[PDB]
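Step one of this worksheet: look at the structure below.
Throughout, read-outs are computed from the coordinates displayed, never taken from laboratory work. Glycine gets a Cβ as well: all are built from the backbone with ideal geometry, and neighbour counts include every protein chain shown.
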Amino acid sequence: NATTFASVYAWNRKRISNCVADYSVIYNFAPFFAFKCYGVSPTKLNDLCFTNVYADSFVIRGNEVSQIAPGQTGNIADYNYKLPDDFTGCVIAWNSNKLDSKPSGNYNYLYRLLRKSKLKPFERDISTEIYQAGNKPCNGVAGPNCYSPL
Amino acid sequence: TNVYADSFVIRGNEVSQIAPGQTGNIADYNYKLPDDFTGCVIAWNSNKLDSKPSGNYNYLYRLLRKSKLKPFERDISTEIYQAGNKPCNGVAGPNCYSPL
Amino acid sequence: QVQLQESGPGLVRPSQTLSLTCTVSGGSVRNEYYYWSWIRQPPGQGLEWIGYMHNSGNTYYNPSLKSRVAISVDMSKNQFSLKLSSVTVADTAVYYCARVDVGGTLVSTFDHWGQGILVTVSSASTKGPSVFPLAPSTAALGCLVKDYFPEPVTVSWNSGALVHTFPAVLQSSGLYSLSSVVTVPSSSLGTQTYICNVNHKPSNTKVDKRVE
Amino acid sequence: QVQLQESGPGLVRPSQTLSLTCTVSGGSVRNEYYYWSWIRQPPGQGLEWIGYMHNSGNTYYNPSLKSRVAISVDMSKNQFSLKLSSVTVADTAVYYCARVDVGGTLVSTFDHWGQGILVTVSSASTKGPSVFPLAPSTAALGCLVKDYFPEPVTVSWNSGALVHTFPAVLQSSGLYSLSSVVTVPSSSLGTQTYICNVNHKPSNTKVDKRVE
Amino acid sequence: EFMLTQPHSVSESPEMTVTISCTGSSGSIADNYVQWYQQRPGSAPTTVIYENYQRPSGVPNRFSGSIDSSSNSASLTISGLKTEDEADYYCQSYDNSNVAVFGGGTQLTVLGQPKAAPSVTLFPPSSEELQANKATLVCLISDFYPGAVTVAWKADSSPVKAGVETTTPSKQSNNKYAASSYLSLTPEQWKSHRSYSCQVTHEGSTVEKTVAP
Amino acid sequence: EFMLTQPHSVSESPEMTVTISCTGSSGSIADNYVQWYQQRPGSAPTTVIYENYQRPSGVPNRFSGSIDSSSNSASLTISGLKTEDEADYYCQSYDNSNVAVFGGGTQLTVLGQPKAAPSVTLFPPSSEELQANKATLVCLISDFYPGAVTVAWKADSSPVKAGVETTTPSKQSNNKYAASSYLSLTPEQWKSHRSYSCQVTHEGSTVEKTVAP
Ligand SMILES: *[C@@H]1O[C@H](CO)[C@@H](O[C@@H]2O[C@H](CO)[C@@H](O)[C@H](O)[C@H]2NC(C)=O)[C@H](O)[C@H]1NC(C)=O
């Protein structure tokens, strides 16, 4: 309910510790278009314990929601947000076309296409370095074979 | 003495939940088997019959329920499910969505 | 193919609420790649768009109809309804429910349309039509029948004088009007007999008036 | 690694059933998450999909020749078979095995392709070619050899004195046409004694023709 | 906002080609797709053109459309007018927001009879109507084959437009429409205004028919 | 039926970047995966771009795939060409009915030697060929480096489609490509018709030469 959300290029990550994880409130903000849990039960959330809890939030397209799952590929998975092959959690997604859409174009939310390799689980990618696709290098200004990675 | 043949349609990654003692959406809130179930589980891919190019929406699975289903019990109730912290008069709206 | 059909009361008093239901046959409201809209069409004016909503919860209304309409989808009954607030006599348009494709890049085409239900907006009772002598102005005269709420009230002339039957039209006061056109020659040979005969099917009442 | 290998008759005739089978090594054909497809590529044209089949018996076909194809799978020998019906002279192509990936969220690439088998459809079995001179009009002139059954071609220019023999293609009649040509600096050189000889490989029959 | 404007009706002889165009509005027309819906009198609309280039199943190749960004308008190039092609055509698109803006409606009528000028008739209110303290004058128009026509009461003081009820032009035995109008008002204003004379605009022609007791 | 159309021939100097794109006509390009198969002439195809953004292990990083949802097309960016990159690239996707859709095929090659204009060698039927009741009109085109081998047949006034037996691009002994445009015609047609044309249209240059008795 922050009324503001970040892109998958700079997805937020909140620390959850020294607090009572009251999971009885998440049912009041979204209709749960895609509520998929992997390592835990939807009802046993209030009857378990964990070492540390992390809540990652970002904005992606509708076709990219299926990539937020263990063992998935794609631009969001391999280059923006990678989940481990043994992830134990729940994924929550809901439509935001009524709130996060602008008639003049909401160019705020971005995403990285590909940067020379795939990413590791739970890591950031904020380096805005120019991407090189050819044999001759290039820096500073974009151009032929020197495309922005976003 | 008596043989019961239960028939239904689920996805591929949900066939493993039909085994006894499993945990999941199909095992808990859709179809639960006891820990001492005696019988055989049979499943085959019917994508050629139970799928449409525009989407076959005639098959439904219960997402969330008040509690896990008892073994060999059925819940055909299509009543809207309340999930929020405030009453919704049993009608579709905020904090209250369809269970199926 | 997917078909749509409406049903509901055809007579709604002003300042009341309008409730119609649209049954989706041949498809499914569970599909999240389509919107479900309502389309109005006043007689002889054109098409009017109320708004559509998604089966996920999002709803879009017309800008000029803010706090005027309410849309709801019943995923268990496979139907979506319509709710209007403070209806007026100007809402005699024909209501259509339509499905529009949103599965592509942009929401483009209303795929299928409903059959269409005529919804009248008037609280007047079965009042009798008031007949007035409509003298000709070669000219033409008419019955000049006004102030009648029931629709099937028809007229006639000399029980077979054939002259042209005229279609009805609504009024802002919640009533209807019907003024037929019957040609007539000059006063030399155009003063023989011209008597209007309004049928007035309701109340089993018959009215006959002469026209100059 | 996983690899495939075609197996079947490399030459058939029309009004018959093209039967093929691919032996799979490095993996079980009873494994799910993978379809077993057949891809067709005519000589000089692009690829053409015939159909893939799941181990559960679900066989998906191509709408172009769905009524003339059949696919089977055998979990014991790890071999899936292809069976066409009513083959024609246009059905000759290079058939490639392919395993498609049905693992994640969608169907995807043919990860492993076979070596490809080239089969031809022709009802003839023995036919001798015919040579035809080619008069020029720098000039070009040669010989025209058509209607020869065997695949190997023997071209000889000036008893070996040199050449881009223009490899023939399977025409509509199910035969081939050789049009090997040479070049000359002027029309005066064309008057010299030039010979174009071909040899029937399966018959050891030589053909001679004087061209100028 | 957004709005698509188009002529009220067009007509051309059979075996010809018409071009119905809908002008854009303050919003860019090249942002969303524009659709064309054919609605015969007494039926639901039917899509003939969608996505600015596509034709639904069963729609013949006679229909076609295009989008001109330089002119900021749409087009519906229908060739070979037939008896079943005679219907109304509406143009619909979308604004930058979720506002499904429709058109006005262009009644494509097939020319089967020679066009003629309409005959307008005006008559003052009757005596029994004046006794009931209501004017409710009636206009009489007929004898116009090709298409319908709108009216506007060009009164002496100002053009009256509020409180006007116009009948839907319906076909007659002579293949003509009526297009009658009604302007209900109190008789106390009738003595201070004369010569209403609702003027027609049929085929670009105006028929002046005043009113007198 | 979803289809994929890609350019027939693409050629560019080494160390530069080429672009091969396939556009889906009767359907969407984002509803199914698009794959690119580099098929070397004489060998089986091999995946170089799968899942529209992924490249298999071992394939050089010079290849990259892209998806354009606004234009409903899928492109392939290859920067830094090499000698082994002279293979054909096939764009393949799937229809909504689970039907694999293959592209038309694109022949890519590096510009090693300078491009030369093609040659035309239209040859009429021979004397013994006419005695054999056959025409066998051929166009032994030669002297062209790029693999843009195209053949467009045309009669004196009408187009020609039946009998086209154009062969694959074959290389001469002097490291240059040459092809043959076979054509089988009825001798009655050759006696009735006036002349025919063998349009090459190699690399845009519509080289045309006719032949007449
Ligand atoms: C938390 O959510 C509530 C309700 O979902 C928000 O309250 C609404 O805020 C909008 C915009 O500020 C107002 O137009 C509504 O009238 C508010 N409704 C109610 C019932 O208060 C609230 O803004 C969200 N954020 C916080 C920090 O509370």
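Here the chain E residue lying nearest the rotation axis onto F, judged by its C-beta and given with the distance in whole angstrom, is E:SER69, 2.
Of all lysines in the structure, the ones whose alpha carbon falls short of 18 Å from that of A:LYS44, not counting any fewer than 8 places away in one chain, are A:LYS36, B:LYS32, B:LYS66, B:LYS68, B:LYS70.
Absence of a disulfide-compatible partner, taken as no other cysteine beta carbon within less than 4.7 angstrom, is noted in chain D for none of its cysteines. If I build a Gaussian network model for chain A, linking alpha-carbon pairs within less than 10 angstrom, which residue out of A:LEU45, A:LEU110, A:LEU83 has the largest mean-square fluctuation? Among A:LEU45, A:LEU110, A:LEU83, the largest GNM mean-square fluctuation belongs to A:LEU45.
When every Cα-Cα distance of region A:1-102 is counted in 5 angstrom steps from zero, the calculated P(r) takes the values 2, 10, 20, 26, 21, 14, 5, 1, 0 percent. With a 10 Å cut-off around each Cβ of F:118-128, the average count of Cβ atoms from other chains is 4.
The calculated Kirkwood hydrodynamic radius for region C:1-135 is 16.0 Å, given to one decimal from all distinct C-alpha pairs.
Among E:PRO60, E:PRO118, E:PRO169, the residue with the largest mean-square fluctuation in a Gaussian network model of chain E, with springs joining Cα atoms closer than 10 Å, is E:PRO60. If you build the convex hull over the alpha carbons only and average its shadow over all orientations, what do you get for chain F? Give it in nm² to one decimal. Average of the hull's projected areas for chain F equals 14.6 nm².
Here's how it looks for D:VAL94: its modeled amide H is under 5 Å from those of D:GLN41, which are all 5 or more places away or on a different chain.
Of all beta-carbon atoms in chain D, the one sitting closest to the axis that brings chain D onto chain C gives D:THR105, 3, with the distance in whole angstrom. By the Cβ distance rule of under 4.7 Å, chain B has these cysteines without a partner: B:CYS40.
Can you give the mean number of other chain Cβ atoms that lie within 10 Å of the Cβ atoms in peptide E:52-60? Could the numbers behind the result be given before it?
Details: counts 1, 0, 3, 0, 2, 1, 0, 0, 0.
Per-residue shielding by partner chains comes out at 1.
Summary value for chain F: 18 percent relative contact order, contacts being C-alpha pairs under 8 angstrom separated by 6+ residues.
Do the sum for chain F: with -39,500 (n - 2.57) for every DSSP H run of n ≥ 4, divided by all residues, what is the mean residue ellipticity at 222 nm, to the nearest 500 deg cm²/dmol?
Numbers: 2 runs with 11 residues, N = 213.
Per the formula, -1000 deg cm²/dmol.
Projecting the Cα atoms of C:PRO14, C:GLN3, C:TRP113 onto the charge dipole of chain C, computed from C-beta unit charges around the Cα centre, puts C:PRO14 farthest toward the positive end.
Can you list the distances in nanometres, one decimal and ascending, from the F:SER97 label point to the identical position in each other copy, with the point 7 Å along Cα to Cβ? Those separations, rounded to one decimal, come out as 4.3 nm. Annotation: amide H-H contacts under 5 Å for E:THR46 (H modelled 1.01 Å from N, sequence separation of 5 or more, or interchain): E:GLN38, E:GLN39. Comment: the Cα-to-Cβ extended label point of D:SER64, at 7 Å, lies 5.4 nm from its counterparts in the other copies, nearest first.
Working note: 222 nm ellipticity from helices only, DSSP H runs with n ≥ 4, each -39,500 (n - 2.57), summed and divided by the residues of chain B, gives -1000 deg cm²/dmol to the nearest 500.
Think of region C:36-169 as having a plus end and a minus end, set by charges on the Cβ of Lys, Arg, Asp and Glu; of C:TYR95, C:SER85, C:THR59, C:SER85 sits farthest toward the positive end of this dipole.
Shape verdict for region D:17-57, please, from the Cα gyration tensor: rounded (a/c under 1.5), prolate (a/b greater than b/c) or oblate. Provide the component values of the computation, followed by the final result.
Working: a/c = 2.12, a/b = 1.99, b/c = 1.07.
Taking the square roots of the gyration eigenvalues as a ≥ b ≥ c, region D:17-57 is prolate.
Hey, how much of the P(r) for region E:66-125 falls beyond 15 Å, as a percent of Cα pairs? Don't skip to the end; give the middle numbers.
Numbers: 1247 of 1770 pairs.
Here the tail beyond 15 Å accounts for 70 percent of pairs.
Can you give the charge dipole size of chain A about its Cα centre, rounded to the nearest 20 debye, using +1 on the beta carbon of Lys and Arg and -1 on the beta carbon of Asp and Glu?
On the way: 16 positive and 11 negative charges, 71 e Å.
Charge dipole, chain A, about its Cα centre: 340 debye, nearest 20.
Put a plus charge on the Cβ of each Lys and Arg, a minus charge on the Cβ of each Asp and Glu, and nothing anywhere else: the dipole of chain D about its Cα centre is then about 440 debye.
Over all residues in D:108-116, what is the mean tally of Cβ atoms on other chains that come within 10 Å of each residue's Cβ? Working shown, then result.
Details: counts 11, 13, 9, 5, 3, 7, 1, 2, 5.
Average neighbour count from other chains, rounded to a whole number: 6.
Beyond a 30 Å Cα-Cα separation, which of these cross-linked pairs lie in this structure: E:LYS82/E:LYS209; D:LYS201/F:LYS154; D:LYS146/F:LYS176? Over 30 Å apart, Cα to Cα: E:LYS82/E:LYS209; D:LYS201/F:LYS154. Placing a label point 7 Å from the Cα of D:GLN115 along the Cα-to-Cβ direction, the distances to the matching points in the other copies come to 6.7 nm, shortest first. Of the residues E:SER21, E:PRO114, E:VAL59, the one whose Cα sits farthest towards the positive end of the charge dipole of chain E is E:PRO114 (charges of +1 on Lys and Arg Cβ, -1 on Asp and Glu Cβ, taken about the Cα centre). Excluding same-chain neighbours fewer than eight residues apart, the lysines reachable from C:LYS83 by a Cα-Cα span under 26 Å are A:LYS98, B:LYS86, C:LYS66. With only the Cα atoms considered, the protein assembly as shown has a convex hull volume of 277 Å³ per residue.
Determine the shape class of region F:88-213: with a ≥ b ≥ c the square roots of the Cα gyration tensor eigenvalues, call it rounded for a/c under 1.5, and otherwise prolate if a/b is greater than b/c, oblate otherwise. Mind dumping the intermediate values first?
Values: a/c = 2.40, a/b = 1.43, b/c = 1.68.
The shape class here is oblate.
Counting other Cβ atoms within 10 Å as a rough exposure proxy, the listed residues C:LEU84, A:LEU119, E:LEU140 run A:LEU119, C:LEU84, E:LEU140 from fewest neighbours to most.
With the highest mean first, a sort of the peptides A:13-23, F:26-36, D:87-97 on other beta-carbon atoms found within 10 angstrom per residue produces F:26-36, D:87-97, A:13-23. Under 5 Å between amide hydrogens, built in the peptide plane, is the criterion, and for C:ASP74 it picks out C:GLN79, C:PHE80, C:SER81 among residues at least 5 positions away or on other chains. Normalised by 2.2 N^0.38 Å, with N the number of residues, the alpha-carbon radius of gyration of region B:25-69 equals 1.51.
To the nearest 20 Debye, how big is the dipole of the protein assembly as shown about its Cα centre, given +1 on the beta carbon of each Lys and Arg and -1 on that of each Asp and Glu? Write down the numbers at each step before the final one.
Numbers: 81 positive and 80 negative charges, 140 e Å.
In total the dipole reaches around 680 debye.
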